[PDB]
Every structure is written in C-alpha cells, then in structure tokens.
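S.K.: Structure file work_26.csv (CSV, C-alpha atoms and all ligand atoms) right here:
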```csv
chain,number,residue,atom,x,y,z
W,667,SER,CA,29.6,4.5,2.7
W,668,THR,CA,28.0,7.9,3.4
W,669,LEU,CA,24.6,8.5,4.9
W,670,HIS,CA,22.4,11.6,4.3
W,671,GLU,CA,20.0,12.9,6.9
W,672,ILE,CA,17.4,15.6,6.2
W,673,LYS,CA,16.2,17.7,9.1
W,674,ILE,CA,12.5,18.9,8.8
W,675,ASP,CA,10.1,20.0,11.5
W,676,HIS,CA,7.4,17.4,10.7
W,677,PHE,CA,6.6,15.0,13.6
W,678,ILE,CA,3.3,13.3,14.4
W,679,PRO,CA,3.0,13.1,18.2
W,680,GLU,CA,0.7,10.8,20.2
W,681,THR,CA,0.7,8.2,17.5
W,682,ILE,CA,-1.4,5.8,19.6
W,683,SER,CA,-4.5,7.4,21.1
W,684,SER,CA,-5.8,4.5,23.2
W,685,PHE,CA,-5.7,0.7,23.8
W,686,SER,CA,-8.4,-1.9,23.2
W,687,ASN,CA,-7.1,-4.8,25.3
W,688,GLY,CA,-4.0,-5.8,23.3
W,689,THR,CA,-4.7,-4.0,20.0
W,690,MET,CA,-3.7,-0.4,19.5
W,691,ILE,CA,-6.0,2.4,18.4
W,692,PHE,CA,-4.0,4.9,16.4
W,693,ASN,CA,-4.1,8.7,16.0
W,694,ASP,CA,-6.5,9.8,13.2
W,695,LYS,CA,-3.6,11.6,11.4
W,696,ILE,CA,-1.6,8.4,10.9
W,697,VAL,CA,-4.6,6.4,9.6
W,698,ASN,CA,-5.5,9.2,7.3
W,699,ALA,CA,-2.0,9.6,6.0
W,700,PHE,CA,-1.6,5.9,5.3
W,701,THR,CA,-5.0,5.7,3.7
W,702,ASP,CA,-4.0,8.6,1.5
W,703,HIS,CA,-0.8,6.8,0.5
W,704,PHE,CA,-2.7,3.7,-0.5
W,705,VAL,CA,-5.4,5.6,-2.4
W,706,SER,CA,-2.7,7.4,-4.3
W,707,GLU,CA,-1.2,4.0,-5.1
W,708,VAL,CA,-4.6,2.9,-6.5
W,709,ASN,CA,-4.9,6.1,-8.4
W,710,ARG,CA,-1.5,5.6,-9.9
W,711,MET,CA,-2.6,2.1,-10.8
W,712,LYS,CA,-5.6,3.4,-12.7
W,713,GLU,CA,-3.6,6.2,-14.3
W,714,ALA,CA,-1.1,3.7,-15.7
W,715,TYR,CA,-3.9,1.4,-16.8
W,716,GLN,CA,-5.3,4.2,-18.8
W,717,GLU,CA,-1.8,5.3,-20.0
W,718,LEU,CA,-1.6,1.7,-21.5
W,719,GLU,CA,-4.0,2.8,-24.2
W,720,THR,CA,-3.3,6.6,-24.1
W,721,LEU,CA,0.5,6.5,-24.5
W,722,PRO,CA,2.0,4.9,-27.7
W,723,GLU,CA,4.0,1.8,-27.5
W,724,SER,CA,7.2,3.9,-28.0
W,725,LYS,CA,6.8,5.8,-24.7
W,726,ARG,CA,6.0,2.9,-22.2
W,727,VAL,CA,8.3,2.9,-19.2
W,728,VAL,CA,10.3,-0.3,-19.1
W,729,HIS,CA,9.3,-1.5,-15.6
W,730,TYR,CA,6.2,0.6,-15.0
W,731,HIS,CA,3.7,-0.1,-17.8
W,732,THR,CA,5.4,-3.4,-18.8
W,733,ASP,CA,8.0,-6.0,-17.8
W,734,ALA,CA,11.7,-5.9,-18.4
W,735,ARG,CA,11.4,-7.4,-21.9
W,736,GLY,CA,8.4,-5.3,-23.1
W,737,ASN,CA,5.5,-7.6,-22.6
W,738,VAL,CA,2.4,-6.0,-21.1
W,739,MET,CA,0.8,-9.3,-20.1
W,740,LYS,CA,2.6,-12.3,-18.5
W,741,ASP,CA,0.8,-15.5,-17.7
W,742,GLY,CA,-2.8,-14.4,-17.2
W,743,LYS,CA,-2.5,-11.2,-15.2
W,744,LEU,CA,-0.9,-7.9,-15.8
W,745,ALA,CA,2.9,-7.7,-15.9
W,746,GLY,CA,3.8,-4.1,-15.2
W,747,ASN,CA,4.8,-3.0,-11.7
W,748,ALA,CA,2.5,0.0,-11.9
W,749,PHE,CA,-0.5,-2.2,-11.2
W,750,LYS,CA,1.1,-3.5,-8.0
W,751,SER,CA,1.5,-2.0,-4.5
W,752,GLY,CA,4.8,-3.7,-3.5
W,753,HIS,CA,5.9,-1.4,-0.7
W,754,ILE,CA,2.8,0.4,0.7
W,755,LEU,CA,0.3,-2.1,1.9
W,756,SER,CA,1.6,-5.2,0.2
W,757,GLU,CA,-1.2,-7.2,1.6
W,758,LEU,CA,-3.6,-5.3,-0.8
W,759,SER,CA,-1.5,-5.7,-4.0
W,760,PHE,CA,-3.5,-7.8,-6.5
W,761,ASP,CA,-0.8,-10.5,-6.7
W,762,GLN,CA,-1.0,-11.2,-3.0
W,763,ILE,CA,-4.5,-10.5,-1.5
W,764,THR,CA,-6.5,-13.1,0.4
W,765,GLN,CA,-9.6,-13.6,-1.7
W,766,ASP,CA,-11.8,-12.4,1.2
W,767,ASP,CA,-10.1,-9.0,1.2
W,768,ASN,CA,-10.4,-8.7,-2.5
W,769,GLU,CA,-14.1,-9.6,-2.4
W,770,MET,CA,-14.7,-7.0,0.4
W,771,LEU,CA,-12.8,-4.2,-1.3
W,772,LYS,CA,-13.9,-5.2,-4.9
W,773,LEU,CA,-10.7,-3.7,-6.1
W,774,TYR,CA,-9.3,-5.9,-8.9
W,775,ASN,CA,-10.4,-8.2,-11.7
W,776,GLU,CA,-8.9,-11.6,-12.5
W,777,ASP,CA,-6.3,-10.2,-14.9
W,778,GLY,CA,-5.2,-7.7,-12.2
W,779,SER,CA,-6.7,-4.7,-13.9
W,780,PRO,CA,-8.1,-2.1,-11.5
W,781,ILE,CA,-11.8,-2.0,-11.2
W,782,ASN,CA,-13.5,1.2,-12.5
W,783,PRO,CA,-10.3,2.8,-13.9
W,784,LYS,CA,-11.9,6.2,-14.6
W,785,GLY,CA,-13.8,6.5,-11.3
W,786,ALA,CA,-12.1,7.3,-8.0
W,787,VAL,CA,-11.7,5.1,-4.9
W,788,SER,CA,-15.0,4.6,-3.0
W,789,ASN,CA,-15.5,5.2,0.7
W,790,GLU,CA,-16.4,1.6,1.5
W,791,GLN,CA,-13.0,0.8,0.0
W,792,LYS,CA,-11.5,3.5,2.2
W,793,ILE,CA,-12.9,2.2,5.4
W,794,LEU,CA,-11.7,-1.3,4.5
W,795,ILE,CA,-8.3,0.1,3.8
W,796,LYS,CA,-8.4,1.7,7.2
W,797,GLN,CA,-9.2,-1.6,8.8
W,798,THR,CA,-6.3,-3.3,7.0
W,799,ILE,CA,-4.0,-0.4,8.0
W,800,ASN,CA,-4.9,-0.7,11.7
W,801,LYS,CA,-4.1,-4.5,11.5
W,802,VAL,CA,-0.8,-3.9,9.6
W,803,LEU,CA,0.3,-1.2,12.0
W,804,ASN,CA,-0.5,-3.3,15.0
W,805,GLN,CA,1.5,-6.2,13.7
W,806,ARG,CA,4.4,-3.9,12.7
W,807,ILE,CA,4.7,-2.2,16.0
W,808,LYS,CA,4.5,-5.5,17.9
W,809,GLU,CA,7.3,-6.8,15.7
W,810,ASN,CA,9.3,-3.7,16.4
W,811,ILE,CA,8.9,-3.9,20.2
W,812,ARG,CA,9.9,-7.5,19.9
W,813,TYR,CA,13.1,-6.5,18.1
W,814,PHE,CA,13.8,-3.8,20.7
W,815,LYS,CA,13.5,-6.5,23.3
W,816,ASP,CA,15.7,-8.9,21.4
W,817,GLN,CA,18.5,-6.3,21.0
W,818,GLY,CA,18.7,-5.6,24.7
W,819,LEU,CA,17.7,-2.0,24.3
W,820,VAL,CA,14.6,-2.3,26.4
W,821,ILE,CA,15.1,-4.5,29.4
W,822,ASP,CA,12.7,-5.5,32.2
G,1,CL,CL,9.1,-6.0,-14.2
```
As a first step, turn the structure in this file into structure tokens.
M.R.:
Amino acid sequence: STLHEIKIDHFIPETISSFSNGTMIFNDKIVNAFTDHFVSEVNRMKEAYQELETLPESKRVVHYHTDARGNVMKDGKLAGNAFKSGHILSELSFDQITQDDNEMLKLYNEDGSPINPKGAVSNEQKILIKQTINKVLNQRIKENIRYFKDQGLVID
C-alpha cells in the first residue's frame, strides 16, 4: 500500500541534443550511462561464467548460476539467469537476439556462454551497443509520447 520516494540531486538535463528528421539524437551522458549499464551486465555474465568453475557446487546461487532446480544447463544453452540481460537491453540478451546483431557484436556462442570470458568488452562491441541503445531509446520515447497522448495529458 505504501510508496517510498528518495530525493537526490541527480538529474540529466537536455536529454535530447538534436533531431535528425524523425529520429532523436541523445545527450552523450545518457548514451554513456546506458552503455556502462550494459557493459556491466556483460561483465557480470562473464564473472558468473567463471564463478561456475571457481565456486564449488555448494555455493551456487539458486537463480543466478543455475535454474530453480539446480541444473546448470537446460536444453542446449545455459540455464542460469546470470547469463541473460532480461531488464537492461533485453534485445541483446542471448536468448532473444536477432542473428544479425549477434554476428555484429560477436558476443555469445551457441550454448549462450559469453565469448572471451576473461577479456573485457571491446570497443567495436561498445559502438554497436550505442547504436542499439539509440534505437531502443527512440522507440521507448515514441511509445511514451504515444501514451501521454492517449491519456489526454498532452492535447493538441
Ligand atoms: Cl531460473
């Protein structure tokens, strides 16, 4: 029933710097922050993939390194939720990438394991992530202006 609200002086102004016809060009801070979020997601993926061998079986998190029953592999690909980006850039999670985006990024194998688990994320991958981020943010903000129109808040 209750609702908490935290007040903090952190705001990113001028989120959209310019317009290229219909598409929106976003402030560098936002693209950088979202790319940082996704590269941290990938780093977490690699960290958990290494933890699979580093940590003993008795210390594997139930939904992180493995599925709810304890199996590390389900069907052909990896089962744990650590190897999946289900909330930040879902379009780049191994279980739901268009094959073109995977071949551009070169980010996963067939069994869902992260490529180059010890190495960091490359810069080619980062610029492709920035492209995907621009596309996603454009679609999101168009959906949101659509909703604001539909709820009668904005009115012509
Ligand atoms: Cl699970």
S.K.: What residues have an atom no more than 10 Å from (-10.2, 5.0, -2.9) in the file's own frame, counting all atoms listed in the file, and can you write them as an mmCIF file with C-alpha atoms, in the coordinates of the input?
M.R.:
```
data_model
loop_
_atom_site.group_PDB
_atom_site.id
_atom_site.type_symbol
_atom_site.label_atom_id
_atom_site.label_comp_id
_atom_site.auth_asym_id
_atom_site.auth_seq_id
_atom_site.Cartn_x
_atom_site.Cartn_y
_atom_site.Cartn_z
ATOM 1 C CA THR W 701 -5.000 5.700 3.700
ATOM 2 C CA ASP W 702 -4.000 8.600 1.500
ATOM 3 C CA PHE W 704 -2.700 3.700 -0.500
ATOM 4 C CA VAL W 705 -5.400 5.600 -2.400
ATOM 5 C CA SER W 706 -2.700 7.400 -4.300
ATOM 6 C CA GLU W 707 -1.200 4.000 -5.100
ATOM 7 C CA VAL W 708 -4.600 2.900 -6.500
ATOM 8 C CA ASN W 709 -4.900 6.100 -8.400
ATOM 9 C CA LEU W 771 -12.800 -4.200 -1.300
ATOM 10 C CA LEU W 773 -10.700 -3.700 -6.100
ATOM 11 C CA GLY W 785 -13.800 6.500 -11.300
ATOM 12 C CA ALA W 786 -12.100 7.300 -8.000
ATOM 13 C CA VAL W 787 -11.700 5.100 -4.900
ATOM 14 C CA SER W 788 -15.000 4.600 -3.000
ATOM 15 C CA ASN W 789 -15.500 5.200 0.700
ATOM 16 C CA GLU W 790 -16.400 1.600 1.500
ATOM 17 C CA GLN W 791 -13.000 0.800 0.000
ATOM 18 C CA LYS W 792 -11.500 3.500 2.200
ATOM 19 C CA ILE W 793 -12.900 2.200 5.400
ATOM 20 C CA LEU W 794 -11.700 -1.300 4.500
ATOM 21 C CA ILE W 795 -8.300 0.100 3.800
#
```
S.K.: Show me, as JSON lines, the residues of chain W having an atom within 12 Å of ligand CL 1 (chain G), each with the closest atom pair and its distance in Å, using all atoms listed in the file.
M.R.:
```
{"residue": "W:727", "atom": "CA", "partner": "G:CL1", "partner_atom": "CL", "distance": 10.2}
{"residue": "W:728", "atom": "CA", "partner": "G:CL1", "partner_atom": "CL", "distance": 7.6}
{"residue": "W:729", "atom": "CA", "partner": "G:CL1", "partner_atom": "CL", "distance": 4.7}
{"residue": "W:730", "atom": "CA", "partner": "G:CL1", "partner_atom": "CL", "distance": 7.3}
{"residue": "W:731", "atom": "CA", "partner": "G:CL1", "partner_atom": "CL", "distance": 8.8}
{"residue": "W:732", "atom": "CA", "partner": "G:CL1", "partner_atom": "CL", "distance": 6.5}
{"residue": "W:733", "atom": "CA", "partner": "G:CL1", "partner_atom": "CL", "distance": 3.8}
{"residue": "W:734", "atom": "CA", "partner": "G:CL1", "partner_atom": "CL", "distance": 4.9}
{"residue": "W:735", "atom": "CA", "partner": "G:CL1", "partner_atom": "CL", "distance": 8.2}
{"residue": "W:736", "atom": "CA", "partner": "G:CL1", "partner_atom": "CL", "distance": 9.0}
{"residue": "W:737", "atom": "CA", "partner": "G:CL1", "partner_atom": "CL", "distance": 9.3}
{"residue": "W:738", "atom": "CA", "partner": "G:CL1", "partner_atom": "CL", "distance": 9.6}
{"residue": "W:739", "atom": "CA", "partner": "G:CL1", "partner_atom": "CL", "distance": 10.7}
{"residue": "W:740", "atom": "CA", "partner": "G:CL1", "partner_atom": "CL", "distance": 10.0}
{"residue": "W:744", "atom": "CA", "partner": "G:CL1", "partner_atom": "CL", "distance": 10.3}
{"residue": "W:745", "atom": "CA", "partner": "G:CL1", "partner_atom": "CL", "distance": 6.6}
{"residue": "W:746", "atom": "CA", "partner": "G:CL1", "partner_atom": "CL", "distance": 5.7}
{"residue": "W:747", "atom": "CA", "partner": "G:CL1", "partner_atom": "CL", "distance": 5.8}
{"residue": "W:748", "atom": "CA", "partner": "G:CL1", "partner_atom": "CL", "distance": 9.2}
{"residue": "W:749", "atom": "CA", "partner": "G:CL1", "partner_atom": "CL", "distance": 10.8}
{"residue": "W:750", "atom": "CA", "partner": "G:CL1", "partner_atom": "CL", "distance": 10.4}
{"residue": "W:752", "atom": "CA", "partner": "G:CL1", "partner_atom": "CL", "distance": 11.8}
```
S.K.: Taking only C-alpha atoms into account, name the residue in W:802, W:696, W:684, W:710 that is nearest to residue 751 of chain W.
M.R.: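 Of W:802, W:696, W:684, W:710, the one nearest residue 751 of chain W is W:710, counting only C-alpha atoms.
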S.K.: For residue 693 of chain W, list every protein, DNA or RNA residue within 6 Å, evaluated using only C-alpha atoms, and leave out those in the same chain fewer than 4 positions away; present the list as a compact mmCIF listing (two decimals) with C-alpha atoms, keeping the file's coordinate frame.
M.R.:
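Output contents, as saved in around36.txt:
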```
# COMPACT_ATOMS: atom_id res chain seq x y z
CA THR W 681 0.70 8.20 17.50
CA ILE W 682 -1.40 5.80 19.60
CA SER W 683 -4.50 7.40 21.10
```
S.K.: Check the smallest atom-to-atom distance from each of W:689, W:715, W:673, W:668 to residue 783 of chain W using all atoms listed in the file, then report the winner.
M.R.: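 Among the listed residues, W:715 lies closest to residue 783 of chain W.
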S.K.: Can you work out the spacing between atom CA of residue 754 of chain W and atom CA of residue 692 of chain W in Å, to one decimal?
M.R.: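 Calculated distance between atom CA of residue 754 of chain W and atom CA of residue 692 of chain W is 17.7 Å.
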S.K.: Atom CA of residue 756 of chain W and atom CA of residue 808 of chain W are how many Å apart?
M.R.: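 Interatomic distance here is 17.9 Å.
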S.K.: Quick one, how far is atom CA of residue 712 of chain W from atom CA of residue 781 of chain W?
M.R.: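 Those two atoms sit 8.4 Å apart.
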S.K.: Using only C-alpha atoms, find the one residue out of W:784, W:820, W:679, W:690 that sits nearest to residue 805 of chain W.
M.R.: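 Of W:784, W:820, W:679, W:690, the one nearest residue 805 of chain W, counting only C-alpha atoms, is W:690.
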S.K.: Limit the output to N, CA, C and O atoms and give segment 694-730 of chain W as a PDB file, in the first residue's frame.
M.R.:
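As a result, result_28.pdb now contains:
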```
ATOM      1  N   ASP W 694      25.236  12.872 -24.751  1.00  0.00           N
ATOM      2  CA  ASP W 694      26.297  11.881 -24.603  1.00  0.00           C
ATOM      3  C   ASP W 694      26.273  11.219 -23.230  1.00  0.00           C
ATOM      4  O   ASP W 694      26.656  10.050 -23.101  1.00  0.00           O
ATOM      5  N   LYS W 695      25.823  11.938 -22.199  1.00  0.00           N
ATOM      6  CA  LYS W 695      25.794  11.358 -20.861  1.00  0.00           C
ATOM      7  C   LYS W 695      24.853  10.164 -20.796  1.00  0.00           C
ATOM      8  O   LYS W 695      25.171   9.149 -20.168  1.00  0.00           O
ATOM      9  N   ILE W 696      23.700  10.255 -21.457  1.00  0.00           N
ATOM     10  CA  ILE W 696      22.722   9.173 -21.396  1.00  0.00           C
ATOM     11  C   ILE W 696      23.222   7.947 -22.147  1.00  0.00           C
ATOM     12  O   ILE W 696      23.123   6.814 -21.657  1.00  0.00           O
ATOM     13  N   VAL W 697      23.746   8.150 -23.356  1.00  0.00           N
ATOM     14  CA  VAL W 697      24.292   7.032 -24.117  1.00  0.00           C
ATOM     15  C   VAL W 697      25.436   6.380 -23.352  1.00  0.00           C
ATOM     16  O   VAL W 697      25.539   5.149 -23.287  1.00  0.00           O
ATOM     17  N   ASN W 698      26.293   7.196 -22.733  1.00  0.00           N
ATOM     18  CA  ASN W 698      27.408   6.654 -21.963  1.00  0.00           C
ATOM     19  C   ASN W 698      26.917   5.861 -20.759  1.00  0.00           C
ATOM     20  O   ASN W 698      27.428   4.772 -20.478  1.00  0.00           O
ATOM     21  N   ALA W 699      25.918   6.384 -20.040  1.00  0.00           N
ATOM     22  CA  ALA W 699      25.409   5.692 -18.860  1.00  0.00           C
ATOM     23  C   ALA W 699      24.755   4.367 -19.229  1.00  0.00           C
ATOM     24  O   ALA W 699      24.960   3.357 -18.546  1.00  0.00           O
ATOM     25  N   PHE W 700      23.967   4.346 -20.306  1.00  0.00           N
ATOM     26  CA  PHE W 700      23.310   3.103 -20.698  1.00  0.00           C
ATOM     27  C   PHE W 700      24.317   2.087 -21.229  1.00  0.00           C
ATOM     28  O   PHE W 700      24.203   0.883 -20.951  1.00  0.00           O
ATOM     29  N   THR W 701      25.318   2.549 -21.983  1.00  0.00           N
ATOM     30  CA  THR W 701      26.372   1.644 -22.421  1.00  0.00           C
ATOM     31  C   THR W 701      27.138   1.086 -21.231  1.00  0.00           C
ATOM     32  O   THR W 701      27.512  -0.090 -21.224  1.00  0.00           O
ATOM     33  N   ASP W 702      27.373   1.916 -20.210  1.00  0.00           N
ATOM     34  CA  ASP W 702      28.021   1.435 -18.996  1.00  0.00           C
ATOM     35  C   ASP W 702      27.170   0.378 -18.305  1.00  0.00           C
ATOM     36  O   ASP W 702      27.689  -0.646 -17.849  1.00  0.00           O
ATOM     37  N   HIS W 703      25.861   0.618 -18.210  1.00  0.00           N
ATOM     38  CA  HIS W 703      24.963  -0.374 -17.627  1.00  0.00           C
ATOM     39  C   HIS W 703      25.076  -1.704 -18.360  1.00  0.00           C
ATOM     40  O   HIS W 703      25.214  -2.765 -17.735  1.00  0.00           O
ATOM     41  N   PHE W 704      25.046  -1.667 -19.693  1.00  0.00           N
ATOM     42  CA  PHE W 704      25.046  -2.924 -20.436  1.00  0.00           C
ATOM     43  C   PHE W 704      26.407  -3.614 -20.380  1.00  0.00           C
ATOM     44  O   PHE W 704      26.479  -4.848 -20.326  1.00  0.00           O
ATOM     45  N   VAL W 705      27.500  -2.847 -20.399  1.00  0.00           N
ATOM     46  CA  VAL W 705      28.804  -3.494 -20.303  1.00  0.00           C
ATOM     47  C   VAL W 705      29.009  -4.066 -18.908  1.00  0.00           C
ATOM     48  O   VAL W 705      29.684  -5.087 -18.751  1.00  0.00           O
ATOM     49  N   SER W 706      28.420  -3.451 -17.880  1.00  0.00           N
ATOM     50  CA  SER W 706      28.451  -4.070 -16.558  1.00  0.00           C
ATOM     51  C   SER W 706      27.617  -5.341 -16.535  1.00  0.00           C
ATOM     52  O   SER W 706      27.973  -6.311 -15.857  1.00  0.00           O
ATOM     53  N   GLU W 707      26.506  -5.358 -17.273  1.00  0.00           N
ATOM     54  CA  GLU W 707      25.736  -6.591 -17.410  1.00  0.00           C
ATOM     55  C   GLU W 707      26.594  -7.698 -18.011  1.00  0.00           C
ATOM     56  O   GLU W 707      26.634  -8.822 -17.498  1.00  0.00           O
ATOM     57  N   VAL W 708      27.305  -7.382 -19.094  1.00  0.00           N
ATOM     58  CA  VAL W 708      28.151  -8.373 -19.759  1.00  0.00           C
ATOM     59  C   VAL W 708      29.290  -8.812 -18.845  1.00  0.00           C
ATOM     60  O   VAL W 708      29.661  -9.995 -18.804  1.00  0.00           O
ATOM     61  N   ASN W 709      29.872  -7.865 -18.104  1.00  0.00           N
ATOM     62  CA  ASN W 709      30.923  -8.209 -17.154  1.00  0.00           C
ATOM     63  C   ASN W 709      30.399  -9.152 -16.082  1.00  0.00           C
ATOM     64  O   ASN W 709      31.091 -10.092 -15.681  1.00  0.00           O
ATOM     65  N   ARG W 710      29.178  -8.907 -15.600  1.00  0.00           N
ATOM     66  CA  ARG W 710      28.555  -9.807 -14.637  1.00  0.00           C
ATOM     67  C   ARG W 710      28.333 -11.190 -15.235  1.00  0.00           C
ATOM     68  O   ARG W 710      28.514 -12.207 -14.554  1.00  0.00           O
ATOM     69  N   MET W 711      27.937 -11.244 -16.502  1.00  0.00           N
ATOM     70  CA  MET W 711      27.780 -12.514 -17.203  1.00  0.00           C
ATOM     71  C   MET W 711      29.086 -13.303 -17.178  1.00  0.00           C
ATOM     72  O   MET W 711      29.107 -14.485 -16.825  1.00  0.00           O
ATOM     73  N   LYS W 712      30.174 -12.628 -17.558  1.00  0.00           N
ATOM     74  CA  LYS W 712      31.477 -13.288 -17.597  1.00  0.00           C
ATOM     75  C   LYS W 712      31.931 -13.705 -16.201  1.00  0.00           C
ATOM     76  O   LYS W 712      32.488 -14.797 -16.016  1.00  0.00           O
ATOM     77  N   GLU W 713      31.699 -12.844 -15.208  1.00  0.00           N
ATOM     78  CA  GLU W 713      32.064 -13.160 -13.831  1.00  0.00           C
ATOM     79  C   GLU W 713      31.330 -14.399 -13.339  1.00  0.00           C
ATOM     80  O   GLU W 713      31.928 -15.265 -12.695  1.00  0.00           O
ATOM     81  N   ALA W 714      30.036 -14.507 -13.644  1.00  0.00           N
ATOM     82  CA  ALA W 714      29.279 -15.683 -13.230  1.00  0.00           C
ATOM     83  C   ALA W 714      29.713 -16.924 -13.999  1.00  0.00           C
ATOM     84  O   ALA W 714      29.750 -18.028 -13.440  1.00  0.00           O
ATOM     85  N   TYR W 715      30.042 -16.767 -15.284  1.00  0.00           N
ATOM     86  CA  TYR W 715      30.531 -17.905 -16.058  1.00  0.00           C
ATOM     87  C   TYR W 715      31.830 -18.447 -15.476  1.00  0.00           C
ATOM     88  O   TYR W 715      32.050 -19.664 -15.453  1.00  0.00           O
ATOM     89  N   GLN W 716      32.707 -17.558 -15.007  1.00  0.00           N
ATOM     90  CA  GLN W 716      33.930 -18.025 -14.363  1.00  0.00           C
ATOM     91  C   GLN W 716      33.638 -18.594 -12.978  1.00  0.00           C
ATOM     92  O   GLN W 716      34.257 -19.582 -12.563  1.00  0.00           O
ATOM     93  N   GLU W 717      32.701 -17.981 -12.249  1.00  0.00           N
ATOM     94  CA  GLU W 717      32.300 -18.498 -10.944  1.00  0.00           C
ATOM     95  C   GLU W 717      31.745 -19.913 -11.049  1.00  0.00           C
ATOM     96  O   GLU W 717      31.818 -20.679 -10.081  1.00  0.00           O
ATOM     97  N   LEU W 718      31.175 -20.264 -12.205  1.00  0.00           N
ATOM     98  CA  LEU W 718      30.677 -21.622 -12.412  1.00  0.00           C
ATOM     99  C   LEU W 718      31.747 -22.660 -12.097  1.00  0.00           C
ATOM    100  O   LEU W 718      31.460 -23.695 -11.484  1.00  0.00           O
ATOM    101  N   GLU W 719      32.989 -22.396 -12.502  1.00  0.00           N
ATOM    102  CA  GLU W 719      34.097 -23.292 -12.198  1.00  0.00           C
ATOM    103  C   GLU W 719      34.813 -22.922 -10.908  1.00  0.00           C
ATOM    104  O   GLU W 719      35.285 -23.815 -10.194  1.00  0.00           O
ATOM    105  N   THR W 720      34.907 -21.627 -10.596  1.00  0.00           N
ATOM    106  CA  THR W 720      35.615 -21.200  -9.393  1.00  0.00           C
ATOM    107  C   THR W 720      34.880 -21.640  -8.133  1.00  0.00           C
ATOM    108  O   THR W 720      35.460 -22.297  -7.260  1.00  0.00           O
ATOM    109  N   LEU W 721      33.605 -21.285  -8.019  1.00  0.00           N
ATOM    110  CA  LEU W 721      32.832 -21.600  -6.825  1.00  0.00           C
ATOM    111  C   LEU W 721      32.461 -23.082  -6.808  1.00  0.00           C
ATOM    112  O   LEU W 721      32.161 -23.659  -7.856  1.00  0.00           O
ATOM    113  N   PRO W 722      32.479 -23.717  -5.638  1.00  0.00           N
ATOM    114  CA  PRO W 722      32.012 -25.103  -5.542  1.00  0.00           C
ATOM    115  C   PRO W 722      30.515 -25.199  -5.787  1.00  0.00           C
ATOM    116  O   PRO W 722      29.785 -24.206  -5.762  1.00  0.00           O
ATOM    117  N   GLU W 723      30.059 -26.431  -6.031  1.00  0.00           N
ATOM    118  CA  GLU W 723      28.638 -26.650  -6.281  1.00  0.00           C
ATOM    119  C   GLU W 723      27.789 -26.236  -5.086  1.00  0.00           C
ATOM    120  O   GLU W 723      26.620 -25.868  -5.254  1.00  0.00           O
ATOM    121  N   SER W 724      28.357 -26.269  -3.883  1.00  0.00           N
ATOM    122  CA  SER W 724      27.609 -25.988  -2.667  1.00  0.00           C
ATOM    123  C   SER W 724      27.376 -24.501  -2.429  1.00  0.00           C
ATOM    124  O   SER W 724      26.710 -24.150  -1.448  1.00  0.00           O
ATOM    125  N   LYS W 725      27.897 -23.621  -3.285  1.00  0.00           N
ATOM    126  CA  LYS W 725      27.764 -22.182  -3.085  1.00  0.00           C
ATOM    127  C   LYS W 725      27.251 -21.489  -4.342  1.00  0.00           C
ATOM    128  O   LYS W 725      27.542 -20.311  -4.570  1.00  0.00           O
ATOM    129  N   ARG W 726      26.479 -22.199  -5.159  1.00  0.00           N
ATOM    130  CA  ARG W 726      25.905 -21.635  -6.372  1.00  0.00           C
ATOM    131  C   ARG W 726      24.547 -21.029  -6.044  1.00  0.00           C
ATOM    132  O   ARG W 726      23.709 -21.680  -5.412  1.00  0.00           O
ATOM    133  N   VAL W 727      24.333 -19.782  -6.465  1.00  0.00           N
ATOM    134  CA  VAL W 727      23.067 -19.116  -6.184  1.00  0.00           C
ATOM    135  C   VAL W 727      21.959 -19.755  -7.014  1.00  0.00           C
ATOM    136  O   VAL W 727      22.163 -20.121  -8.180  1.00  0.00           O
ATOM    137  N   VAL W 728      20.771 -19.878  -6.414  1.00  0.00           N
ATOM    138  CA  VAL W 728      19.743 -20.778  -6.935  1.00  0.00           C
ATOM    139  C   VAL W 728      19.210 -20.311  -8.288  1.00  0.00           C
ATOM    140  O   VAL W 728      18.930 -21.130  -9.170  1.00  0.00           O
ATOM    141  N   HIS W 729      19.038 -19.005  -8.478  1.00  0.00           N
ATOM    142  CA  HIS W 729      18.535 -18.491  -9.745  1.00  0.00           C
ATOM    143  C   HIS W 729      19.589 -17.736 -10.539  1.00  0.00           C
ATOM    144  O   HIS W 729      19.284 -17.223 -11.621  1.00  0.00           O
ATOM    145  N   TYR W 730      20.823 -17.682 -10.049  1.00  0.00           N
ATOM    146  CA  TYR W 730      21.867 -16.855 -10.636  1.00  0.00           C
ATOM    147  C   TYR W 730      22.738 -17.712 -11.538  1.00  0.00           C
ATOM    148  O   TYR W 730      22.721 -17.563 -12.763  1.00  0.00           O
TER     149      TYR W 730
END
```
